[PDB]
Each structure stands twice: as structure tokens, then as C-alpha cells.
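Quick heads-up: it's one chain on its own, the form deposited in one PDB entry, in C-alpha cells.
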């Protein structure tokens, strides 16, 4: 497919800054791809969305207005005003992140896309359309645990979600989507967050919360209880540890996770505790 895809329709000038030495955008068999080039030769590809070469509203509110351009592709209009080069840089980072997701087989859990900048005064965000389904907790637990373990794999690599769980006291469940087979997360039109070398108080705290983000989401949905089956407040023992272990996260110290887990102060996915216990 590699060589077949690069024989398709070149859409690069509509998304990335021309010319780009590493990434191109191609259409091939009703599929838009992001192709990665090395030696000036194509090496790998990632699928972005399906193509069909007043729209219906899919949503509107805090996160912005999303339309239905086609039945396989959503369109999120931009609210801010920025230069073209601002959305091009975001696209390049999304593509890099998109490859990471592929290499680790977790791409299905995260809805990414690309900002279309061919009209600088009409910039919208294309992404796959997904059919949401009211998420349950009693029966969807395996799917939710599979997403949390995927998000942990993301957090361990330095990436975290910009609007899902900024800290133990903030959660945006609306950005958790359940489908027939799995749980996904949306509101990633800006890509994932990552450290940039800044050391101010806000950026250092954010980097700690970013590595334990997966833990906050899980404990918000499945918090621990006592013998009376009353909700144990997991936030307090976690924050207490943070204030006494500056610039250190719980994921980076697996010995403390299992300790808080056996002590009944935090909840962990089923597979994580077993993989930490045996290994």
C-alpha cells in the first residue's frame, strides 16, 4: 500500500507548510493518509479519515460546534483566530502523535485529525465521524479499562490529554465516548499535551498530573470504598503524596501505586495490578 498511496492525490498544501521534508497528505481509494518520508523515500503511513471526493450539527457548546460534512467525517469549525502556520504546526504534531498511536496499537481509542488551512479565513478540523453511545459503567468496565490502560501507555510516553483530567479535582467526562466495541476520547483538535522544557510551577505540576492522568480518570469512574461501601476520597492521599514528593508522579514510582492499592485508597485496572504484581 505504501507505494500505492503516494501515487494518489496530493493534498499537502491544504494542511502542512509547503514544502515539508518529512510528511505529506495523500488521498487514495476514498482514504486520506499522512505519509512519512525518510531518505526522501516513503517509510510509513497512517490513516486519517475516509473521503467522498447548511450541514447537520453534531454538537455545540463548551467544546465548539461540530458539523457533519459527510457520514464518515466530522467537521469542527475553529473559534480562535491565528495564522495558518499556527494550525500547520499543530497538524505536524498530531501526525507525529498519530504514528506513536499506531506503533503502540492504541490509535483506535483517540480521535485525531487535521486542520484544513487552504482558506486561511475558513479553517476547520476534519476527523473521523464516530457514533457515540450512552456510556455505562457496570457493563462497559472492560472497555473502560482498555481505554485507561491505553491512556496510561500514552502518559508513560510523555503525552497527556489536554481536556480530560487536568488534576485529581478536574474531570471532563463528556470527552469520553463509548461505541459498540470500545471507549474513545475526543476533543483532541490541538493534539496531546507534552513537556517543552519549562520549569515554572504550573508546568512542573502539569507534568506530574500528565503522567498520572490515567489514574484520575479511572478513580473518578471507579473510586474505592470502605467496609460500609462508602466512597473513599482518593484525591486526598494522592495530593498529600504530591505535596511531599515534589516533581514526582505515582506512575514513575510503581512501588507506591501497589501500596496505595493494597491499602484500599486508590483503584487500579485489573490487568495493571497483575502486571505489576508478577513483574
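Residue numbers count along the first chain shown, from 1. For the two forms, the rigid core is made up of the largest set of C-alpha atoms that agree within 1.5 Å on superposition.
There is another form of the same protein, the form deposited in another entry; it is not shown, and what comes next is about it.
Fit the rigid core and compare the CA positions between the shown form and the other one: of 101, 171, 123, 177, just 123 moves by 2 angstroms or more. Fitting the two forms on the rigid core leaves the C-alpha of residue 13 displaced by at least 2 angstroms between the shown form and the other one. Relative to the superposed core, residue 86 undergoes a C-alpha shift of no less than 2 Å between the shown form and the other one. A movement of the C-alpha atom of residue 44 reaching 2 angstroms or beyond is seen between the shown form and the other one when the two forms are aligned on their rigid core.
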